[PDB]
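Peer 1: Input file: work-v7.tsv. Contents: TSV, N, CA and C atoms.
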```tsv
chain	number	residue	atom	x	y	z
A	1	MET	N	44.13	27.67	24.61
A	1	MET	CA	45.32	26.92	24.14
A	1	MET	C	45.18	25.44	24.45
A	2	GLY	N	45.14	24.63	23.40
A	2	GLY	CA	45.18	23.19	23.57
A	2	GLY	C	43.83	22.59	23.94
A	3	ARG	N	43.85	21.30	24.24
A	3	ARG	CA	42.67	20.53	24.61
A	3	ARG	C	41.67	20.47	23.46
A	4	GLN	N	42.12	19.96	22.32
A	4	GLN	CA	41.21	19.70	21.21
A	4	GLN	C	40.47	18.40	21.47
A	5	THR	N	41.10	17.55	22.27
A	5	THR	CA	40.54	16.27	22.61
A	5	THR	C	39.98	16.29	24.01
A	6	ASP	N	38.72	16.65	24.10
A	6	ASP	CA	37.99	16.35	25.29
A	6	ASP	C	37.30	15.04	25.06
A	7	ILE	N	37.72	14.06	25.80
A	7	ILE	CA	37.08	12.77	25.84
A	7	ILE	C	36.67	12.47	27.27
A	8	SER	N	35.38	12.49	27.51
A	8	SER	CA	34.86	12.36	28.85
A	8	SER	C	34.06	11.08	28.99
A	9	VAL	N	34.58	10.13	29.76
A	9	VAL	CA	33.92	8.85	29.95
A	9	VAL	C	33.31	8.79	31.35
A	10	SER	N	31.99	8.73	31.42
A	10	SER	CA	31.30	8.64	32.69
A	10	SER	C	30.38	7.43	32.68
A	11	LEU	N	30.56	6.55	33.64
A	11	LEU	CA	29.75	5.34	33.73
A	11	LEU	C	28.65	5.54	34.76
A	12	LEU	N	27.42	5.14	34.43
A	12	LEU	CA	26.34	5.23	35.39
A	12	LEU	C	25.98	3.82	35.85
A	13	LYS	N	26.00	3.62	37.16
A	13	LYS	CA	25.72	2.33	37.76
A	13	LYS	C	24.25	2.23	38.16
A	14	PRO	N	23.72	1.01	38.21
A	14	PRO	CA	22.30	0.76	38.49
A	14	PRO	C	21.95	1.01	39.96
A	15	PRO	N	20.76	1.60	40.20
A	15	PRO	CA	20.25	1.82	41.55
A	15	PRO	C	19.99	0.50	42.27
A	16	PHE	N	20.05	0.51	43.59
A	16	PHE	CA	19.91	-0.71	44.36
A	16	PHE	C	18.64	-0.69	45.19
A	17	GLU	N	18.42	-1.76	45.94
A	17	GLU	CA	17.24	-1.89	46.79
A	17	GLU	C	17.28	-0.88	47.93
A	18	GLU	N	18.09	-1.18	48.93
A	18	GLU	CA	18.25	-0.29	50.07
A	18	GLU	C	19.69	-0.34	50.56
A	19	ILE	N	19.98	-1.34	51.39
A	19	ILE	CA	21.31	-1.51	51.94
A	19	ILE	C	22.08	-2.54	51.13
A	20	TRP	N	21.40	-3.62	50.76
A	20	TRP	CA	22.02	-4.69	49.99
A	20	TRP	C	21.90	-4.40	48.50
A	21	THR	N	22.80	-4.98	47.73
A	21	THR	CA	22.83	-4.74	46.29
A	21	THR	C	22.26	-5.93	45.53
A	22	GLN	N	21.12	-5.73	44.88
A	22	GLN	CA	20.48	-6.78	44.10
A	22	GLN	C	19.38	-6.22	43.22
A	23	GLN	N	19.78	-5.62	42.10
A	23	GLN	CA	18.84	-5.10	41.12
A	23	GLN	C	19.58	-4.71	39.85
A	24	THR	N	19.00	-5.02	38.71
A	24	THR	CA	19.58	-4.60	37.45
A	24	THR	C	18.71	-3.54	36.78
A	25	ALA	N	19.32	-2.44	36.35
A	25	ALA	CA	18.58	-1.47	35.54
A	25	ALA	C	19.34	-1.13	34.26
A	26	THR	N	20.59	-0.72	34.41
A	26	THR	CA	21.46	-0.40	33.28
A	26	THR	C	22.91	-0.27	33.73
A	27	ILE	N	23.84	-0.68	32.89
A	27	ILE	CA	25.23	-0.29	33.04
A	27	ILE	C	25.61	0.61	31.89
A	28	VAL	N	25.86	1.88	32.16
A	28	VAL	CA	25.98	2.81	31.06
A	28	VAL	C	27.33	3.49	30.98
A	29	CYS	N	27.78	3.68	29.75
A	29	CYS	CA	28.95	4.47	29.44
A	29	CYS	C	28.53	5.69	28.64
A	30	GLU	N	28.69	6.86	29.23
A	30	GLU	CA	28.44	8.11	28.54
A	30	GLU	C	29.77	8.73	28.16
A	31	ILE	N	29.94	9.00	26.88
A	31	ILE	CA	31.18	9.57	26.39
A	31	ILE	C	30.94	10.86	25.63
A	32	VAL	N	31.71	11.86	26.00
A	32	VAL	CA	31.64	13.17	25.38
A	32	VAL	C	32.90	13.41	24.58
A	33	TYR	N	32.74	13.82	23.33
A	33	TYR	CA	33.87	14.09	22.45
A	33	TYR	C	33.43	14.93	21.26
A	34	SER	N	34.39	15.56	20.61
A	34	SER	CA	34.12	16.41	19.47
A	34	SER	C	35.24	16.28	18.44
A	35	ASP	N	34.90	16.49	17.16
A	35	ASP	CA	35.88	16.48	16.07
A	35	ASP	C	36.34	15.07	15.72
A	36	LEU	N	35.66	14.06	16.24
A	36	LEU	CA	36.07	12.68	16.04
A	36	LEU	C	35.41	12.06	14.82
A	37	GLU	N	35.92	10.90	14.44
A	37	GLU	CA	35.32	10.09	13.40
A	37	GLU	C	34.45	9.05	14.05
A	38	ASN	N	33.68	8.30	13.27
A	38	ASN	CA	32.69	7.43	13.84
A	38	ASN	C	33.37	6.47	14.80
A	39	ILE	N	32.96	6.66	16.01
A	39	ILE	CA	33.48	5.95	17.16
A	39	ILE	C	32.99	4.50	17.24
A	40	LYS	N	33.88	3.64	17.72
A	40	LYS	CA	33.54	2.25	17.99
A	40	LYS	C	33.46	2.06	19.50
A	41	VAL	N	32.33	1.56	19.99
A	41	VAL	CA	32.13	1.38	21.42
A	41	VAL	C	32.38	-0.08	21.82
A	42	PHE	N	33.04	-0.27	22.96
A	42	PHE	CA	33.37	-1.61	23.43
A	42	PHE	C	33.09	-1.77	24.92
A	43	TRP	N	32.58	-2.93	25.29
A	43	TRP	CA	32.37	-3.27	26.70
A	43	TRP	C	32.98	-4.64	26.97
A	44	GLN	N	33.67	-4.79	28.08
A	44	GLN	CA	34.24	-6.08	28.43
A	44	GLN	C	33.71	-6.54	29.78
A	45	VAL	N	33.21	-7.77	29.85
A	45	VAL	CA	32.70	-8.32	31.10
A	45	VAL	C	33.47	-9.58	31.45
A	46	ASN	N	34.32	-9.49	32.47
A	46	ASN	CA	35.15	-10.63	32.89
A	46	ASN	C	36.03	-11.12	31.75
A	47	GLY	N	36.52	-10.18	30.95
A	47	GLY	CA	37.36	-10.54	29.82
A	47	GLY	C	36.57	-11.06	28.63
A	48	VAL	N	35.27	-11.27	28.83
A	48	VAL	CA	34.41	-11.78	27.77
A	48	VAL	C	33.57	-10.66	27.14
A	49	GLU	N	33.58	-10.60	25.82
A	49	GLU	CA	32.72	-9.69	25.08
A	49	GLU	C	31.25	-10.03	25.34
A	50	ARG	N	30.45	-9.00	25.56
A	50	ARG	CA	29.09	-9.21	26.03
A	50	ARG	C	28.09	-9.32	24.89
A	51	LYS	N	27.07	-10.14	25.12
A	51	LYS	CA	25.95	-10.32	24.20
A	51	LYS	C	25.15	-9.03	24.09
A	52	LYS	N	24.35	-8.91	23.04
A	52	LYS	CA	23.53	-7.72	22.84
A	52	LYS	C	22.67	-7.45	24.08
A	53	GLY	N	22.14	-6.24	24.14
A	53	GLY	CA	21.68	-5.68	25.39
A	53	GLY	C	22.55	-4.49	25.67
A	54	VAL	N	23.63	-4.44	24.90
A	54	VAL	CA	24.42	-3.25	24.74
A	54	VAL	C	23.75	-2.39	23.67
A	55	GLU	N	23.52	-1.13	23.97
A	55	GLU	CA	22.85	-0.27	23.04
A	55	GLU	C	23.46	1.12	23.06
A	56	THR	N	24.05	1.49	21.95
A	56	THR	CA	24.60	2.82	21.78
A	56	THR	C	23.51	3.73	21.22
A	57	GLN	N	23.26	4.84	21.88
A	57	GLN	CA	22.19	5.73	21.48
A	57	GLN	C	22.72	6.78	20.52
A	58	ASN	N	21.84	7.21	19.62
A	58	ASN	CA	22.22	8.13	18.55
A	58	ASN	C	22.84	9.39	19.15
A	59	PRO	N	23.91	9.87	18.50
A	59	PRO	CA	24.72	11.00	18.98
A	59	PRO	C	23.90	12.20	19.41
A	60	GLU	N	24.27	12.78	20.54
A	60	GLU	CA	23.61	13.96	21.06
A	60	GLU	C	24.50	15.16	20.76
A	61	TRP	N	23.91	16.29	20.40
A	61	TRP	CA	24.70	17.42	19.96
A	61	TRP	C	24.44	18.65	20.82
A	62	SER	N	25.46	19.06	21.56
A	62	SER	CA	25.37	20.24	22.40
A	62	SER	C	26.52	21.19	22.08
A	63	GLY	N	26.20	22.28	21.40
A	63	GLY	CA	27.22	23.22	20.98
A	63	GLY	C	28.06	22.66	19.85
A	64	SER	N	29.33	22.43	20.13
A	64	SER	CA	30.20	21.76	19.18
A	64	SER	C	30.58	20.38	19.72
A	65	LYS	N	30.05	20.06	20.89
A	65	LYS	CA	30.39	18.82	21.57
A	65	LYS	C	29.35	17.75	21.30
A	66	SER	N	29.84	16.55	21.08
A	66	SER	CA	28.98	15.41	20.82
A	66	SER	C	28.93	14.51	22.06
A	67	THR	N	27.82	13.83	22.24
A	67	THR	CA	27.69	12.90	23.35
A	67	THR	C	27.09	11.59	22.89
A	68	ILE	N	27.83	10.52	23.12
A	68	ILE	CA	27.39	9.18	22.82
A	68	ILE	C	27.19	8.43	24.13
A	69	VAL	N	26.07	7.75	24.26
A	69	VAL	CA	25.77	7.01	25.47
A	69	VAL	C	25.42	5.57	25.15
A	70	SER	N	25.96	4.64	25.93
A	70	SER	CA	25.70	3.24	25.70
A	70	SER	C	25.25	2.57	26.98
A	71	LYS	N	24.10	1.93	26.93
A	71	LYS	CA	23.55	1.24	28.09
A	71	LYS	C	23.66	-0.26	27.91
A	72	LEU	N	24.02	-0.94	28.99
A	72	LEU	CA	24.14	-2.39	28.99
A	72	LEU	C	23.02	-3.00	29.83
A	73	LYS	N	22.31	-3.94	29.24
A	73	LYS	CA	21.32	-4.71	29.97
A	73	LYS	C	21.99	-5.97	30.49
A	74	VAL	N	22.05	-6.10	31.81
A	74	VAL	CA	22.86	-7.14	32.44
A	74	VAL	C	22.08	-7.83	33.55
A	75	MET	N	22.56	-8.99	33.96
A	75	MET	CA	21.94	-9.70	35.07
A	75	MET	C	22.42	-9.13	36.40
A	76	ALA	N	21.46	-8.80	37.26
A	76	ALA	CA	21.73	-8.28	38.59
A	76	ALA	C	22.75	-9.12	39.36
A	77	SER	N	22.58	-10.44	39.40
A	77	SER	CA	23.49	-11.32	40.13
A	77	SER	C	24.92	-11.24	39.59
A	78	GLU	N	25.05	-10.97	38.29
A	78	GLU	CA	26.36	-10.79	37.69
A	78	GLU	C	26.98	-9.52	38.26
A	79	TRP	N	26.19	-8.46	38.17
A	79	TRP	CA	26.62	-7.17	38.72
A	79	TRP	C	26.96	-7.29	40.21
A	80	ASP	N	26.08	-7.94	40.97
A	80	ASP	CA	26.26	-8.10	42.41
A	80	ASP	C	27.42	-9.04	42.72
A	81	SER	N	27.87	-9.79	41.72
A	81	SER	CA	28.98	-10.71	41.91
A	81	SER	C	30.29	-9.94	41.88
A	82	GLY	N	30.20	-8.64	41.58
A	82	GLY	CA	31.38	-7.81	41.48
A	82	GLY	C	32.03	-7.97	40.13
A	83	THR	N	31.24	-8.47	39.18
A	83	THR	CA	31.71	-8.69	37.83
A	83	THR	C	32.04	-7.38	37.13
A	84	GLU	N	33.15	-7.41	36.40
A	84	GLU	CA	33.70	-6.22	35.79
A	84	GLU	C	32.88	-5.78	34.59
A	85	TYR	N	32.59	-4.50	34.54
A	85	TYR	CA	32.00	-3.90	33.37
A	85	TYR	C	32.81	-2.68	33.01
A	86	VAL	N	33.43	-2.71	31.86
A	86	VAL	CA	34.30	-1.63	31.46
A	86	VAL	C	34.02	-1.19	30.04
A	87	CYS	N	34.06	0.11	29.85
A	87	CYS	CA	33.76	0.71	28.57
A	87	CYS	C	35.05	1.20	27.93
A	88	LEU	N	35.27	0.78	26.70
A	88	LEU	CA	36.38	1.26	25.92
A	88	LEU	C	35.86	1.97	24.70
A	89	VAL	N	36.54	3.02	24.29
A	89	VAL	CA	36.20	3.74	23.08
A	89	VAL	C	37.34	3.63	22.10
A	90	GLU	N	37.01	3.36	20.85
A	90	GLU	CA	38.00	3.23	19.81
A	90	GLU	C	37.66	4.18	18.67
A	91	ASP	N	38.64	4.95	18.23
A	91	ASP	CA	38.45	5.89	17.14
A	91	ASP	C	39.76	6.09	16.39
A	92	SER	N	39.63	6.26	15.09
A	92	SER	CA	40.77	6.35	14.19
A	92	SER	C	41.61	7.60	14.45
A	93	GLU	N	41.03	8.60	15.12
A	93	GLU	CA	41.74	9.83	15.42
A	93	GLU	C	42.41	9.76	16.78
A	94	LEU	N	42.15	8.68	17.52
A	94	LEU	CA	42.71	8.52	18.85
A	94	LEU	C	44.05	7.80	18.78
A	95	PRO	N	44.97	8.17	19.68
A	95	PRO	CA	46.31	7.59	19.74
A	95	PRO	C	46.31	6.23	20.42
A	96	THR	N	45.45	6.10	21.42
A	96	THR	CA	45.27	4.85	22.15
A	96	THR	C	43.81	4.72	22.56
A	97	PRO	N	43.31	3.49	22.76
A	97	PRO	CA	41.94	3.29	23.21
A	97	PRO	C	41.75	3.75	24.64
A	98	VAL	N	40.55	4.21	24.95
A	98	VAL	CA	40.28	4.76	26.26
A	98	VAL	C	39.35	3.81	27.01
A	99	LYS	N	39.59	3.62	28.29
A	99	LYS	CA	38.87	2.60	29.04
A	99	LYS	C	38.45	3.10	30.42
A	100	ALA	N	37.36	2.54	30.91
A	100	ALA	CA	36.87	2.82	32.26
A	100	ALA	C	35.96	1.72	32.72
A	101	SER	N	36.27	1.21	33.88
A	101	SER	CA	35.55	0.10	34.43
A	101	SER	C	34.68	0.56	35.60
A	102	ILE	N	33.68	-0.24	35.95
A	102	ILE	CA	32.76	0.13	37.02
A	102	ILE	C	32.77	-0.93	38.11
A	103	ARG	N	32.73	-0.48	39.35
A	103	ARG	CA	32.79	-1.37	40.50
A	103	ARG	C	31.48	-1.31	41.27
A	104	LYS	N	31.08	-2.44	41.84
A	104	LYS	CA	29.86	-2.47	42.64
A	104	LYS	C	30.10	-1.80	43.98
A	105	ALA	N	29.48	-0.64	44.16
A	105	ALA	CA	29.61	0.12	45.39
A	105	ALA	C	28.25	0.65	45.81
```
Now that the file is in, can you turn its structure into structure tokens?
Peer 2:
Amino acid sequence: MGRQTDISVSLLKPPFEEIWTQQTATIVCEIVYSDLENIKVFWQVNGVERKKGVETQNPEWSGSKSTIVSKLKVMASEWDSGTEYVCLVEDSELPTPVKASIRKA
């Protein structure tokens, strides 16, 4: 009963050196959804739309569930500055846009 809209937003943060944080690998938004129309992916960095280096990978299909993943190529010092990286998903079948931000931890 119910739950036609599974929308699962999981962000993957870049691995670090050891104790201190100073390395860039990827800032990723993985989103799982089904029954949707062509999704629009959005990333916001400090309120500013980010330059390419954002890459949405071709839809993955598991069962009836779809998975879209987007990786951001970013500067380590930006990331280490505690700069905001947030993923929003926009779709015509959605009632409101969905968002999730990542923190340097």
Peer 1: Just the helix (DSSP H, G or I) stuff from chain A, please, per backbone DSSP, written as JSON, numbers by chain.
Peer 2: {"A": [76, 77, 78, 79, 80]}
Peer 1: Would you export the selected residues with N, CA and C atoms as a PDB file, keeping the file's coordinate frame, please?
Peer 2:
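Done, and the output landed in again18.pdb:
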```pdb
ATOM      1  N   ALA A  76      21.460  -8.800  37.260  1.00  0.00           N
ATOM      2  CA  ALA A  76      21.730  -8.280  38.590  1.00  0.00           C
ATOM      3  C   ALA A  76      22.750  -9.120  39.360  1.00  0.00           C
ATOM      4  N   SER A  77      22.580 -10.440  39.400  1.00  0.00           N
ATOM      5  CA  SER A  77      23.490 -11.320  40.130  1.00  0.00           C
ATOM      6  C   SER A  77      24.920 -11.240  39.590  1.00  0.00           C
ATOM      7  N   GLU A  78      25.050 -10.970  38.290  1.00  0.00           N
ATOM      8  CA  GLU A  78      26.360 -10.790  37.690  1.00  0.00           C
ATOM      9  C   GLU A  78      26.980  -9.520  38.260  1.00  0.00           C
ATOM     10  N   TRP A  79      26.190  -8.460  38.170  1.00  0.00           N
ATOM     11  CA  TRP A  79      26.620  -7.170  38.720  1.00  0.00           C
ATOM     12  C   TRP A  79      26.960  -7.290  40.210  1.00  0.00           C
ATOM     13  N   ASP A  80      26.080  -7.940  40.970  1.00  0.00           N
ATOM     14  CA  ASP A  80      26.260  -8.100  42.410  1.00  0.00           C
ATOM     15  C   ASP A  80      27.420  -9.040  42.720  1.00  0.00           C
TER      16      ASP A  80
END
```
Peer 1: At most 7 Å is the cut-off: for each residue in region 14-53 of chain A with any atom that close to an atom of region 74-96 of chain A, write down the nearest atom pair and the distance in Å rounded to one decimal, counting all atoms listed in the file, chain first then increasing number, as JSON lines.
Peer 2:
```
{"residue": "A:21", "atom": "C", "partner": "A:80", "partner_atom": "CA", "distance": 5.5}
{"residue": "A:22", "atom": "C", "partner": "A:76", "partner_atom": "CA", "distance": 5.6}
{"residue": "A:23", "atom": "C", "partner": "A:76", "partner_atom": "CA", "distance": 4.4}
{"residue": "A:24", "atom": "N", "partner": "A:76", "partner_atom": "CA", "distance": 4.3}
{"residue": "A:25", "atom": "C", "partner": "A:74", "partner_atom": "N", "distance": 6.2}
{"residue": "A:26", "atom": "CA", "partner": "A:74", "partner_atom": "N", "distance": 5.9}
{"residue": "A:27", "atom": "N", "partner": "A:74", "partner_atom": "N", "distance": 5.8}
{"residue": "A:29", "atom": "CA", "partner": "A:87", "partner_atom": "CA", "distance": 6.2}
{"residue": "A:36", "atom": "CA", "partner": "A:93", "partner_atom": "CA", "distance": 6.4}
{"residue": "A:37", "atom": "N", "partner": "A:93", "partner_atom": "N", "distance": 5.6}
{"residue": "A:38", "atom": "C", "partner": "A:91", "partner_atom": "CA", "distance": 5.6}
{"residue": "A:39", "atom": "CA", "partner": "A:90", "partner_atom": "C", "distance": 4.8}
{"residue": "A:40", "atom": "N", "partner": "A:90", "partner_atom": "C", "distance": 3.9}
{"residue": "A:41", "atom": "C", "partner": "A:88", "partner_atom": "C", "distance": 5.0}
{"residue": "A:42", "atom": "C", "partner": "A:88", "partner_atom": "N", "distance": 3.8}
{"residue": "A:43", "atom": "CA", "partner": "A:86", "partner_atom": "C", "distance": 4.3}
{"residue": "A:44", "atom": "N", "partner": "A:86", "partner_atom": "C", "distance": 4.1}
{"residue": "A:45", "atom": "CA", "partner": "A:84", "partner_atom": "C", "distance": 4.3}
{"residue": "A:46", "atom": "N", "partner": "A:84", "partner_atom": "C", "distance": 4.5}
{"residue": "A:47", "atom": "N", "partner": "A:84", "partner_atom": "C", "distance": 6.8}
{"residue": "A:53", "atom": "C", "partner": "A:74", "partner_atom": "N", "distance": 6.4}
```
Peer 1: Could you name the residues that touch residue 34 (chain A) at 6 Å or less, counting all atoms listed in the file, but leaving out those on the same chain fewer than 3 positions away, as an mmCIF file with N, CA and C atoms, keeping the file's coordinate frame?
Peer 2:
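This went into result-v4.cif:
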```cif
data_model
loop_
_atom_site.group_PDB
_atom_site.id
_atom_site.type_symbol
_atom_site.label_atom_id
_atom_site.label_comp_id
_atom_site.auth_asym_id
_atom_site.auth_seq_id
_atom_site.Cartn_x
_atom_site.Cartn_y
_atom_site.Cartn_z
ATOM 1 N N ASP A 6 38.720 16.650 24.100
ATOM 2 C CA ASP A 6 37.990 16.350 25.290
ATOM 3 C C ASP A 6 37.300 15.040 25.060
ATOM 4 N N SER A 64 29.330 22.430 20.130
ATOM 5 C CA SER A 64 30.200 21.760 19.180
ATOM 6 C C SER A 64 30.580 20.380 19.720
ATOM 7 N N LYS A 65 30.050 20.060 20.890
ATOM 8 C CA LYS A 65 30.390 18.820 21.570
ATOM 9 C C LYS A 65 29.350 17.750 21.300
ATOM 10 N N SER A 66 29.840 16.550 21.080
ATOM 11 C CA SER A 66 28.980 15.410 20.820
ATOM 12 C C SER A 66 28.930 14.510 22.060
#
```
Peer 1: Just to confirm, what's the straight-line distance from atom C of residue 70 (chain A) to atom N of residue 18 (chain A) in Å (one decimal)?
Peer 2: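 Separation of atom C of residue 70 (chain A) and atom N of residue 18 (chain A): 23.4 Å.
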Peer 1: Pick from A:50, A:57, A:13, A:101: nearest to residue 69 (chain A), with only C-alpha atoms counted?
Peer 2: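 Residue with the minimum atom-to-atom distance to residue 69 (chain A): A:57.
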Peer 1: I need the residue nearest residue 68 (chain A) from this list: A:1, A:31, A:19, A:12. Use only C-alpha atoms for the distance.
Peer 2: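 For residue 68 (chain A), the nearest of the given residues is A:31.
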Peer 1: Quick one: residues within 8 Å of residue 9 (chain A), only C-alpha atoms, excluding same-chain residues fewer than 2 positions away - as a ChimeraX atom specification?
Peer 2: /A:7,11,29-32,100
Peer 1: Could you work out how far atom C of residue 71 (chain A) lies from atom C of residue 54 (chain A), giving the answer in Å with one decimal?
Peer 2: 4.7 Å
Peer 1: Please, which residues of chain A, numbered as in this document, come out strand (DSSP E) from DSSP, as a PyMOL selection string?
Peer 2: chain A and resi 8-12+27-33+40-45+48-49+54-62+65-72+85-90+98-102
Peer 1: Please report the interatomic distance between CA of residue 72 (chain A) and atom N of residue 28 (chain A) in Å with one decimal.
Peer 2: 5.6 Å
